[PDB]
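J.: Residue numbers (the authors' numbering), protein chains in the order written: chain A, 57 to 114; chain E, 4 to 15.
Here's a structure for you.
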Amino acid sequence: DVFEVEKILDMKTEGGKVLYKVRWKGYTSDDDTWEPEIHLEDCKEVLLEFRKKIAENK
Amino acid sequence: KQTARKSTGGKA
C-alpha cells in the first residue's frame, strides 16, 4: 500500500540498479527505507529537489 | 503531494 514521501535523503546503486533513500512523512529516520527507482514514478518533485541539491554541492 | 510504495521486506 502507498505512503506520502517527505523527502529523498540519498541514493545508491546495487546490482546495476538505482535506489533512493526515503524519509516517510510523519515518521522518523528509524523508518527510512531504500526504494527502487521504479517505485518512485510519483516522486518527481522530491527526486528533482534531491538531484539539484547533489548538483549544487559538486 | 509525493507518494510511493514502502518496501517492508528485503534481504534476509
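The beta carbon of each residue, even a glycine, is placed where N, CA and C say it ideally should be.
1. Could you tell me which of A:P92, A:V61, A:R79 and A:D88 sits nearest to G72 (chain A), measuring between CA atoms?
2. DSSP puts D66 (chain A) in a beta bridge; with which residues?
3. Following the continuous alpha helix (DSSP H) through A111 (chain A), name the residue where it begins and the one where it ends.
4. Count the other CB atoms, across all protein chains shown, that sit within 10 Å of the CB of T89 (chain A); report buried if there are 16 or more and exposed otherwise.
5. Rounded to whole angstroms, what is the Cα-Cα separation between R107 (chain A) and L75 (chain A)?
T.: Inspection of the coordinates gives the following:
1. Taking only the C-alpha atoms, the option nearest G72 (chain A) is A:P92.
2. BP columns for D66 (chain A) point to A:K77.
3. Counting along the chain, the alpha helix (DSSP H) containing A111 (chain A) begins and ends at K100 to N113.
4. Of the other Cβ atoms in all chains shown, 16 or more fall within 10 Å of the Cβ of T89 (chain A); this residue is therefore buried.
5. Note on geometry: alpha-carbon atoms of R107 (chain A) and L75 (chain A) lie some 13 Å from one another.
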